[PDB]
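Novice: Mind having a look at this structure? Questions to follow.
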Amino acid sequence: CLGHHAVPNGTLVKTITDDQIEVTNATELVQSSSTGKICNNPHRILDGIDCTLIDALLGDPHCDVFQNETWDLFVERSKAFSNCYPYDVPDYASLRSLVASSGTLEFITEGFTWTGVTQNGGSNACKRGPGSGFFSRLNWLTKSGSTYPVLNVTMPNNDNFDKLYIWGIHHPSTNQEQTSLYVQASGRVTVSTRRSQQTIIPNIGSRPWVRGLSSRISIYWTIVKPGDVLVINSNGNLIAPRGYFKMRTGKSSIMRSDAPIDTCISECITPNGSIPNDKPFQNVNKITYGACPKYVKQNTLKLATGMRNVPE
Amino acid sequence: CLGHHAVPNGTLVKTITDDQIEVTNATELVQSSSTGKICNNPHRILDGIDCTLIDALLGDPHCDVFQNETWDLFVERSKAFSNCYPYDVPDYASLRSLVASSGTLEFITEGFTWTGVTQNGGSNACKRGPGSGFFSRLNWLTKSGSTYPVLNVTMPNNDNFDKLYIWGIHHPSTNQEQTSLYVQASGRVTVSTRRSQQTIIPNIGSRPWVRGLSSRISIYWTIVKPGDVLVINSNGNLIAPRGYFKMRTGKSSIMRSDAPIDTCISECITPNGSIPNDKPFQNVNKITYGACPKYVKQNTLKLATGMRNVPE
Amino acid sequence: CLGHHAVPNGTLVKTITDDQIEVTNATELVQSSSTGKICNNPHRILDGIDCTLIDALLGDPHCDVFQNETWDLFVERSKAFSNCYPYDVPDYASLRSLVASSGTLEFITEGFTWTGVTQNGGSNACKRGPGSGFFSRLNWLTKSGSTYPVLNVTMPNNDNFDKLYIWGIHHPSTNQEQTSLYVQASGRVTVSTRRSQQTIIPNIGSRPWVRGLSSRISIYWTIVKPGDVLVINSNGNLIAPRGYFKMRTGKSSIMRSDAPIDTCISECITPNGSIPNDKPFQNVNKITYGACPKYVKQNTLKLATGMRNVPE
Amino acid sequence: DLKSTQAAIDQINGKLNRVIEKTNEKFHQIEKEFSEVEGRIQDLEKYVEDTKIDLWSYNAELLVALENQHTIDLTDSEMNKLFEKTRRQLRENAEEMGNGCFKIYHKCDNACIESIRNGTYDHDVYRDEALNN
Amino acid sequence: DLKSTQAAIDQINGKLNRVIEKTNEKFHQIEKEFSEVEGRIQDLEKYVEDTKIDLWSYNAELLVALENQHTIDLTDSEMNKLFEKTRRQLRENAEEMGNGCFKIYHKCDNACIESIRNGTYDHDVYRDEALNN
Amino acid sequence: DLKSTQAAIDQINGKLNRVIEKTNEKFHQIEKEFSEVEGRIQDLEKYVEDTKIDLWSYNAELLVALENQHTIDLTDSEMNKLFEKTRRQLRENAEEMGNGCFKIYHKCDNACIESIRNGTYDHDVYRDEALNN
Ligand SMILES: *[C@@H]1O[C@H](CO)[C@@H](O)[C@H](O)[C@H]1NC(C)=O
Ligand SMILES: *[C@@H]1O[C@H](CO)[C@@H](O)[C@H](O)[C@H]1NC(C)=O
Ligand SMILES: *[C@@H]1O[C@H](CO)[C@@H](O)[C@H](O)[C@H]1NC(C)=O
């Protein structure tokens with residue numbers, strides 16, 4: 001007859017002259033469903049089962065299997081928790097995005113010389129095995145017998161890459177445990193490069209009981225560029241580092257998702273799972289990784305690939 | 001002849017190939033004028049003649065006619081003023097938008113027990129009639145003879161809706177009127193629910209003279225959800241509540257406008273008045289209420305409904 | 001034959017149905033190159049060779065040739081430096097944009113009466129000639145013999161334009177030079193109009209050595225509107241003004257550029273030079289002066305002015 | 001006098017408590033202001049993101065609308081073209097009913113339909129029976 | 001010594017005044033910075049709103065422009081179509097003047113205009129007088 | 001007792017040092033927070049500018065695309081129109097090869113090309129040799 005046989009299934013399409021008209025054939029332009037699983041190909045996915053990035057960085061005793069983990073995309077679960085000395089990080093999101101975008105947990109140990117103090121402090125809230133323990137990348141120094149001299153140490157950077165140092169400060173609970181751990185009635189930590197400096201002083205006070213402790217630890221970091229030098233001065237309440245992490249630049253990020261991991265192939269990853277990328281648009285999430293399609297607010301956008309469904 | 005007779009009045013229209021051409025007939029797509037009056041149908045308009053929302057909430061003596069007023073849109077005039085004890089509200093805009101969006105001034109009085117103090121304090125700057133007065137929703141407690149004990153009261157919420165409590169604190173002017181009104185040399189107010197707490201301490205000092213007073217009042221509010229409880233502890237400088245307002249959710253808002261009110265019918269309301277909604281665009285105000293047309297920056301946008309005005 | 005002879009040079013054009021197709025003729029719509037020189041016509045360009053706007057305002061001894069300079073566009077070079085008393089400006093960008101947009105450096109001297117002090121203080125870091133000197137628009141007052149009374153001066157504004165006053169405060173280095181320059185052990189400067197007030201107190205301390213000095217000067221400004229009055233009260237560490245600049249309103253701005261100046265004609269000026277304005281788009285800089293074309297992120301946008309290059 | 005010294009101690013302790021509580025309440029105010037400014041920046045970010053999303057979505061909607069309009073226009077134009085072609089070659093054998101479809105008055109084998117589909121048709125062999133039907 | 005105690009009182013009072021004025025000026029600086037940051041956020045909000053308004057207005061302008069272009073194109077195309085149809089049926093009786101209008105050389109009653117408007121016309125009954133005029 | 005007064009001096013000096021260091025560290029925290037908020041506003045400004053630039057550039061891209069589409073459509077439509085006109089006037093002398101070009105079977109002087117270009121042509125004078133070639 002005229003060319004189209006008035007198919008029983010109509011296809012409503014959005015135009016600019018009219019609003020919604022009927023055409024013979026139409027195609028969908030928005031992928032709006034997910035498989036439910038996170039492909040592990042060809043990207044390198046690391047599953048942070050019960051640990052966050054900072055706990056796997058510090059050396060929590062139950063994610064000591066994550067030493068020198070190399071990821072292309074870190075997946076963070078919501079069931080993660082900490083089981084060591086209670087701590088605190090000023091500018092937590094900045095450090096989390098800095099370590100997420102680095103892509104490595106490679107830790108080179110360095111030889112610091114702490115003379116006049118006792119090294120390798122432990123805690124009964126951070127049991128490593130059957131005995132007391134602590135974080136694996138830090139060194140808790142206390143008084144040696146009856147005194148605590150002013151530690152003053154230096155470390156130059158002669159290589160051609162940046163070094164990331166992680167240190168901390170100890171906030172005690174009472175005024176008896178300050179002088180019983182650091183003979184000085186007040187502590188102070190100064191960390192200096194050739195172009196910057198950070199000085200912190202412990203804040204004695206009481207805190208909520210957490211896992212059996214009312215003291216705290218504050219975590220700080222420093223970046224040393226090639227050709228610089230680092231000097232650390234202190235007279236108490238210092239959680240020293242043991243070395244440096246190697247800093248890289250590339251394509252890496254982090255994503256919170258509770259989806260399992262399978263062995264498929266997909267180029268985009270959202271917290272809902274992997275999505276195909278044959279269509280130009282998607283309506284799943286505005287947080288995306290890889291060569292994904294752009295996030296729109298509309299659900300069904302149909303593109304006509306034929307003629308009208310009715311004459312006249 | 002050819003179809004169009006070259007009408008004497010030209011109609012310039014904007015295109016994308018050319019810029020502005022002449023066509024036979026054209027229609028306007030932007031309503032750019034207002035009547036000057038605010039319809040009171042089918043919306044429920046409340047005219048806050050010389051009072052704002054907070055003064056009609058607190059119980060100012062010259063808007064005591066606004067008790068249990070139910071509005072669909074509150075209209076605020078610029079000639080409004082206050083004629084009671086000088087006060088102050090931290091986070092004024094938040095509370096104004098919270099009460100504006102609730103849509104009711106329904107006040108349920110509750111029985112508080114204040115033992116050891118004198119109730120129903122008054123002021124000569126808030127005359128209710130020929131004698132001294134105060135706000136009608138608050139209770140000013142002072143010392144009883146020679147002492148002011150620590151008030152500590154409780155009130156549980158067993159219903160299934162939220163309750164809004166409004167309280168305050170009194171900032172005196174000198175150190176003699178503090179101890180002559182509250183025997184304690186320093187006041188303190190603690191208000192606590194099962195999940196939050198607010199503690200305020202009066203700030204003794206001098207202020208600008210306002211209506212004959214140099215003291216101040218600060219106004220705070222609390223929200224109690226179903227199943228909770230409220231506890232109030234104090235030892236001076238407390239402006240207690242008398243009950244709670246019932247909190248609702250719906251379609252309500254507030255608008256500043258100095259336009260009169262008539263008995264017409266229109267679906268959109270702007271601070272300039274009611275505007276018809278037959279056209280898709282409007283160029284009057286970007287603040288709008290109802291099913292209004294969207295605000296554009298252009299004045300004249302003409303849509304062609306015919307043919308060109310000239311051949312070739 | 002068919003109409004087009006399949007020119008040897010193809011012209012790729014961007015469409016919306018296809019992506020890039022070949023047509024016979026095409027024109028470029030984006031001017032993406034600059035001449036390298038800054039026209040001085042018909043705009044009035046002022047070349048701030050080794051001085052910024054603030055140094056030419058204060059009266060630096062090596063840009064004393066810039067007195068009563070009238071500009072339409074100020075060009076700031078990167079080789080500029082200061083060679084006078086080290087100073088400091090709170091809200092530097094605000095003042096820089098305020099003086100840049102005024103368009104004049106016209107300075108009317110006024111007769112202030114400072115009784116009890118010594119005027120015309122000098123410095124050996126601001127040599128004006130072979131001897132000591134200072135800024136040319138300010139007056140450094142010190143103690144007269146053995147005392148420094150409380151200066152309190154007034155100046156009314158009876159004209160019909162705004163007046164801009166520039167003053168400062170002196171921050172000494174030690175506690176001996178404070179009392180050897182101002183007998184008071186602490187200074188203070190109050191500047192008041194009928195509607196505003198600014199009070200500053202000098203901050204004694206040591207600073208980095210700059211050109212042989214460790215003292216500083218902080219620079220402030222005041223705006224007096226017609227009908228107002230200015231009152232200055234002080235008891236030390238005051239860098240007084242000598243008059244006022246006349247404030248205008250018009251078309252003037254400032255631009256950082258290191259391009260030479262020629263005698264051509266162009267209507268737009270960018271830090272790269274003058275650009276023609278025959279095309280609607282440009283891809284040089286988003287900072288522009290005059291009737292320039294808009295900045296896009298695309299480099300080559302071609303507009304078709306003919307037919308396709310191939311049949312079918 | 002030791003009493004004067006003790007009074008001095010009392011008043012300096014009073015000033016000490018004063019500055020202590022003053023600094024405390026000022027710091028509380030400052031942290032409150034910090035939090036409210038942080039929240040303001042947060043909602044501003046949210047508004048910016050919402051605006052960007054709306055604008056890009058509307059751009060996509062307009063783009064697909066333009067594409068649909070172009071496609072529909074081209075296809076129905078060429079359909080009308082071929083229909084006019086048929087109407088030209090179908091002069092006095094069948095007649096269009098009004099929906100772009102020709103009701104045929106006579107009967108012809110599939111060879112006639114083939115001749116119609118290839119544009120080589122003579123409506124004279126059956127014009128007689130077409131006028132008769 | 002009571003003199004040493006009095007000197008200690010003097011110096012602690014000096015330090016007290018020092019920290020008082022220092023805290024005061026620091027708080028003044030802090031509130032000034034708070035105000036300027038508030039103003040910065042305010043003008044940023046204004047800029048965001050202005051940008052959104054401009055973009056939406058330009059979107060509306062482009063939309064109505066596209067609609068106008070489509071309407072004009074369709075109407076003038078169909079006008080040229082019907083004009084060509086008339087020119088076909090008006091072969092050798094009248095002649096177009098150049099503006100899409102036919103100057104008629106002969107006179108005919110309104111029946112001829114009706115026959116033109118219904119597309120059933122024979123330009124032979126008046127072709128003789130048309131060539132004669 | 002002078003010892004009690006000295007102990008009071010010691011403890012008030014301790015409190016003095018305490019409030020001094022506390023105010024110092026609080027001010028340090030405050031200036032750090034000021035700097036980070038300034039940086040946040042800075043990157044927000046950058047994001048706003050980037051968004052505006054992208055949107056305006058895409059608007060320009062879409063505008064020029066629409067213009068190109070309109071131009072191409074009009075020119076190729078009128079080209080097909082004139083080609084059909086030629087094909088009408090070129091009935092049985094030459095034949096189109098498939099790319100909108102007519103292969104001519106006979107030879108004619110430039111007068112024939114002129115007659116083609118002015119639309120006044122008789123394909124009968126050479127139809128015989130055209131069928132013969
Ligand atoms: C309609 O379009 C789809 C595109 O996926 C195609 O597979 C299908 O064959 C089309 N239908 C017809 C009748 O051509
Ligand atoms: C022009 O359009 C308006 C639409 O309001 C209509 O009322 C009017 O009749 C039209 N004019 C003509 C000549 O059709
Ligand atoms: C192509 O367009 C340019 C526009 O600058 C024009 O100068 C040129 O003559 C055109 N080419 C032809 C073959 O028309």
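Ordered as shown in the structure tokens, chains take letters A, B, and onward, while each chain numbers its residues from 1 and ligands are numbered from 1 in the order shown.
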Any chance you could tabulate, as a Markdown table, the residues of chain C at most 10 Å from chain E with each one's nearest atom pair and distance in Å to one decimal, using only C-alpha atoms, in chain and rising number order?

Specialist:
```
| residue | atom | partner | partner_atom | distance |
| --- | --- | --- | --- | --- |
| C:200 | CA | E:25 | CA | 9.0 |
| C:201 | CA | E:25 | CA | 8.7 |
| C:203 | CA | E:22 | CA | 9.7 |
```

Novice: So that I can check the surroundings of segment 100-117 of chain D, please list as a JSON list (two decimals) with C-alpha atoms, in the first residue's frame every protein, DNA and RNA residue that reaches within 12 Å of it, counting only C-alpha atoms and ignoring chain neighbours fewer than 6 positions away.

Specialist:
```
[["chain", "number", "residue", "atom", "x", "y", "z"],
["A", 1, "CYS", "CA", 0.00, 0.00, 0.00],
["A", 2, "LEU", "CA", 1.41, 3.35, 1.12],
["A", 3, "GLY", "CA", 4.67, 2.10, 2.64],
["A", 4, "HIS", "CA", 3.96, 1.41, 6.31],
["A", 5, "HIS", "CA", 1.47, -1.17, 7.56],
["A", 310, "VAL", "CA", 0.09, 6.88, 10.33],
["A", 311, "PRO", "CA", -0.63, 8.61, 7.00],
["A", 312, "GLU", "CA", -1.48, 12.30, 6.76],
["D", 76, "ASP", "CA", 7.98, 11.99, 4.71],
["D", 79, "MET", "CA", 7.50, 9.44, 0.69],
["D", 80, "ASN", "CA", 5.32, 12.20, -0.76],
["D", 81, "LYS", "CA", 7.70, 12.36, -3.72],
["D", 82, "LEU", "CA", 7.38, 8.66, -4.53],
["D", 83, "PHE", "CA", 3.63, 8.82, -3.91],
["D", 84, "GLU", "CA", 3.32, 11.63, -6.45],
["D", 85, "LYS", "CA", 5.44, 9.57, -8.83],
["D", 86, "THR", "CA", 3.05, 6.63, -8.47],
["D", 87, "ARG", "CA", 0.04, 8.92, -8.85],
["D", 88, "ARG", "CA", 1.62, 10.16, -12.08],
["D", 89, "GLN", "CA", 2.17, 6.64, -13.42],
["D", 90, "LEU", "CA", -1.20, 5.61, -11.93],
["D", 91, "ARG", "CA", -3.35, 8.02, -13.91],
["D", 92, "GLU", "CA", -6.65, 6.37, -14.89],
["D", 93, "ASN", "CA", -6.62, 2.83, -13.52],
["D", 94, "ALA", "CA", -6.90, 3.18, -9.72],
["D", 123, "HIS", "CA", -2.32, 2.09, -17.56],
["D", 125, "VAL", "CA", -4.27, -2.08, -21.12],
["D", 126, "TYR", "CA", -6.61, -1.92, -18.10],
["D", 127, "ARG", "CA", -8.00, 1.61, -18.41],
["D", 128, "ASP", "CA", -11.06, 0.21, -20.16],
["D", 129, "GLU", "CA", -11.94, -2.18, -17.34],
["D", 130, "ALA", "CA", -10.94, 0.49, -14.81],
["D", 131, "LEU", "CA", -13.53, 2.86, -16.25],
["D", 132, "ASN", "CA", -15.91, -0.12, -16.48],
["D", 133, "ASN", "CA", -15.39, -0.94, -12.78]]
```

Novice: What do you get as an MDAnalysis selection string if you pick all residues at most 10 Å from ligand 1, counting only C-alpha atoms and all ligand atoms?

Specialist: chainID A and resid 4 7 24:28 304:306

Novice: Determine, for each residue of chain F having at least one atom at most 8 Å from an atom of chain E, the closest pair of atoms and their separation in Å to one decimal, counting only C-alpha atoms; order by chain and ascending number, as a tab-separated table.

Specialist:
```
residue	atom	partner	partner_atom	distance
F:13	CA	E:12	CA	7.7
F:20	CA	E:19	CA	7.4
F:23	CA	E:23	CA	7.9
F:41	CA	E:41	CA	7.8
F:45	CA	E:44	CA	7.7
F:48	CA	E:48	CA	7.5
F:52	CA	E:51	CA	7.5
```

Novice: Take the residues just selected and output them with N, CA, C and O atoms as a PDB file, in the first residue's frame.

Specialist:
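What follows is the written file selection-v9.pdb:
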```
ATOM      1  N   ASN F  13      50.621  32.530  86.338  1.00  0.00           N
ATOM      2  CA  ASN F  13      51.531  32.524  85.201  1.00  0.00           C
ATOM      3  C   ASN F  13      51.326  31.275  84.359  1.00  0.00           C
ATOM      4  O   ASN F  13      51.401  31.327  83.127  1.00  0.00           O
ATOM      5  N   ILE F  20      47.769  31.703  76.456  1.00  0.00           N
ATOM      6  CA  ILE F  20      48.580  32.219  75.359  1.00  0.00           C
ATOM      7  C   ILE F  20      48.731  31.162  74.276  1.00  0.00           C
ATOM      8  O   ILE F  20      48.394  31.391  73.107  1.00  0.00           O
ATOM      9  N   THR F  23      45.328  30.295  72.576  1.00  0.00           N
ATOM     10  CA  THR F  23      44.931  31.296  71.598  1.00  0.00           C
ATOM     11  C   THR F  23      45.796  31.207  70.353  1.00  0.00           C
ATOM     12  O   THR F  23      45.296  31.334  69.230  1.00  0.00           O
ATOM     13  N   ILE F  41      36.736  28.224  47.390  1.00  0.00           N
ATOM     14  CA  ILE F  41      36.038  29.212  46.576  1.00  0.00           C
ATOM     15  C   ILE F  41      36.759  29.409  45.252  1.00  0.00           C
ATOM     16  O   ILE F  41      36.130  29.599  44.205  1.00  0.00           O
ATOM     17  N   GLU F  45      35.108  28.834  41.614  1.00  0.00           N
ATOM     18  CA  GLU F  45      35.118  29.816  40.538  1.00  0.00           C
ATOM     19  C   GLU F  45      35.648  29.201  39.256  1.00  0.00           C
ATOM     20  O   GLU F  45      35.087  29.413  38.174  1.00  0.00           O
ATOM     21  N   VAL F  48      33.023  27.015  37.719  1.00  0.00           N
ATOM     22  CA  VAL F  48      31.960  27.808  37.107  1.00  0.00           C
ATOM     23  C   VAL F  48      32.413  28.352  35.761  1.00  0.00           C
ATOM     24  O   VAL F  48      31.678  28.298  34.766  1.00  0.00           O
ATOM     25  N   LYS F  52      30.809  27.506  32.080  1.00  0.00           N
ATOM     26  CA  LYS F  52      30.309  28.539  31.182  1.00  0.00           C
ATOM     27  C   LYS F  52      30.994  28.464  29.828  1.00  0.00           C
ATOM     28  O   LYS F  52      30.338  28.576  28.783  1.00  0.00           O
TER      29      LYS F  52
END
```

Novice: Could you please determine the separation between atom CA of residue 6 of chain C and atom 6 (C, counted along the ligand's line) of ligand 3 in Å, to one decimal place?

Specialist: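 Between these atoms lies a distance of 16.3 Å.
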
Novice: So which bits of chain D end up alpha helix (DSSP H) when you DSSP the backbone, as a PyMOL selection string?

Specialist: chain D and resi 2-89+110-117+127-132

Novice: Give me the residues within 12 Å of residue 196 of chain B as a list in words, counting only C-alpha atoms and dropping any in the same chain fewer than 4 places off.

Specialist: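 After dropping sequence-adjacent residues, the list is residues 190, 191, 192, 222, 223, 224, 225, 228, 229, 230 and 231 of chain B.
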
Novice: Store the residues of this selection in a file with N, CA and C atoms, as a compact mmCIF listing (two decimals), in the first residue's frame.

Specialist:
```
# COMPACT_ATOMS: atom_id res chain seq x y z
N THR B 190 20.32 24.96 79.30
CA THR B 190 20.60 23.73 78.59
C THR B 190 19.27 23.13 78.17
N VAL B 191 19.15 22.83 76.88
CA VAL B 191 17.96 22.20 76.33
C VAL B 191 18.37 20.95 75.56
N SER B 192 17.80 19.80 75.93
CA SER B 192 18.31 18.55 75.41
C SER B 192 17.16 17.65 74.99
N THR B 222 13.59 24.53 69.13
CA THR B 222 13.90 23.11 69.23
C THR B 222 12.79 22.33 68.54
N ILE B 223 13.16 21.19 67.96
CA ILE B 223 12.22 20.31 67.28
C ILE B 223 12.28 18.96 67.96
N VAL B 224 11.13 18.49 68.44
CA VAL B 224 11.00 17.21 69.12
C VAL B 224 10.20 16.28 68.22
N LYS B 225 10.78 15.14 67.89
CA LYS B 225 10.16 14.15 67.03
C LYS B 225 9.40 13.12 67.85
N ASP B 228 10.37 11.09 71.35
CA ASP B 228 11.47 11.72 72.07
C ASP B 228 11.01 12.27 73.40
N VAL B 229 11.88 13.07 74.02
CA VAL B 229 11.65 13.72 75.31
C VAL B 229 12.52 14.97 75.32
N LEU B 230 12.07 15.99 76.04
CA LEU B 230 12.80 17.25 76.17
C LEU B 230 13.10 17.50 77.63
N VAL B 231 14.33 17.92 77.93
CA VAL B 231 14.72 18.27 79.29
C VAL B 231 15.34 19.65 79.24
```

Novice: Any chance you could list, as a list in words, the residues in segment 239-295 of chain B that come up strand (DSSP E) when DSSP is run on the backbone?

Specialist: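 Filtering segment 239-295 of chain B to strand (DSSP E) leaves residues 239, 240, 241, 243, 244, 245, 246, 253, 254, 255, 256, 261, 262, 268, 269, 270, 273, 274, 275, 281, 282, 289, 290, 294 and 295 of chain B.
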
Novice: Could those residues be written to a file, using C-alpha atoms, as a PDB file, in the first residue's frame?

Specialist:
```
ATOM      1  CA  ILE B 239      12.580  32.880  78.720  1.00  0.00           C
ATOM      2  CA  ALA B 240      10.533  29.693  79.010  1.00  0.00           C
ATOM      3  CA  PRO B 241       7.940  28.473  76.497  1.00  0.00           C
ATOM      4  CA  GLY B 243       3.552  25.165  74.774  1.00  0.00           C
ATOM      5  CA  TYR B 244       4.276  23.946  71.275  1.00  0.00           C
ATOM      6  CA  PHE B 245       3.244  24.699  67.716  1.00  0.00           C
ATOM      7  CA  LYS B 246       1.961  21.855  65.571  1.00  0.00           C
ATOM      8  CA  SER B 253       5.707  29.910  51.311  1.00  0.00           C
ATOM      9  CA  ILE B 254       6.280  33.615  51.948  1.00  0.00           C
ATOM     10  CA  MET B 255       6.656  36.629  49.678  1.00  0.00           C
ATOM     11  CA  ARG B 256       7.518  40.294  50.230  1.00  0.00           C
ATOM     12  CA  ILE B 261      -5.490  42.337  47.483  1.00  0.00           C
ATOM     13  CA  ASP B 262      -8.562  41.915  45.271  1.00  0.00           C
ATOM     14  CA  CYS B 268       0.670  32.698  39.661  1.00  0.00           C
ATOM     15  CA  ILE B 269       1.665  35.314  42.225  1.00  0.00           C
ATOM     16  CA  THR B 270       4.739  37.567  42.042  1.00  0.00           C
ATOM     17  CA  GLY B 273       0.817  41.010  41.547  1.00  0.00           C
ATOM     18  CA  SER B 274      -0.990  38.196  39.807  1.00  0.00           C
ATOM     19  CA  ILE B 275      -0.070  37.360  36.234  1.00  0.00           C
ATOM     20  CA  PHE B 281       7.296  32.911  29.183  1.00  0.00           C
ATOM     21  CA  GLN B 282       7.233  35.943  31.463  1.00  0.00           C
ATOM     22  CA  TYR B 289       4.327  31.137  43.364  1.00  0.00           C
ATOM     23  CA  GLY B 290       1.924  28.656  41.766  1.00  0.00           C
ATOM     24  CA  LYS B 294       9.423  30.640  33.435  1.00  0.00           C
ATOM     25  CA  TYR B 295      11.498  33.804  33.835  1.00  0.00           C
TER      26      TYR B 295
END
```

Novice: If we count only C-alpha atoms, what is near residue 73 of chain A at a cut-off of 7 Å, once residues fewer than 2 positions away on the same chain are taken out, given as a short mmCIF file (atom, residue, chain, number, x, y, z; two decimals) with C-alpha atoms, in the first residue's frame?

Specialist:
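This went into result.cif:
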```cif
data_model
loop_
_atom_site.label_atom_id
_atom_site.label_comp_id
_atom_site.auth_asym_id
_atom_site.auth_seq_id
_atom_site.Cartn_x
_atom_site.Cartn_y
_atom_site.Cartn_z
CA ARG A 44 42.91 -3.74 37.96
CA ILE A 45 40.36 -3.69 40.77
CA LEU A 46 41.36 -3.93 44.43
CA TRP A 71 45.37 -0.90 42.07
CA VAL A 75 36.54 -0.32 45.67
CA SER A 252 43.67 6.01 39.37
CA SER A 253 40.72 6.85 41.59
CA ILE A 254 38.44 5.49 44.31
#
```

Novice: Would you pick out the contacts of segment 205-207 of chain C at 12 Å or less, using only C-alpha atoms, so that residues sharing its chain but fewer than 3 positions from it are not included, and give the list as a tab-separated table (two decimals) with C-alpha atoms, in the first residue's frame?

Specialist:
```tsv
chain	number	residue	atom	x	y	z
C	86	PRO	CA	58.97	48.73	51.96
C	87	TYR	CA	55.19	48.83	52.30
C	170	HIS	CA	54.31	52.60	60.42
C	171	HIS	CA	55.27	49.26	61.95
C	172	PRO	CA	58.65	49.66	63.69
C	173	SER	CA	61.25	46.93	64.23
C	174	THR	CA	62.27	47.28	67.89
C	175	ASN	CA	60.93	48.94	71.03
C	176	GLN	CA	63.73	51.57	71.02
C	177	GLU	CA	62.94	53.03	67.63
C	178	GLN	CA	59.26	53.31	68.55
C	202	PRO	CA	51.02	49.41	64.87
C	210	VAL	CA	64.27	44.27	52.65
C	211	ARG	CA	66.63	46.80	51.00
C	212	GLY	CA	68.23	47.45	54.38
C	213	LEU	CA	65.13	47.85	56.57
C	214	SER	CA	63.09	45.61	58.87
C	215	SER	CA	60.24	48.07	59.49
C	216	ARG	CA	57.09	48.16	57.41
C	217	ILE	CA	54.31	50.47	56.26
```
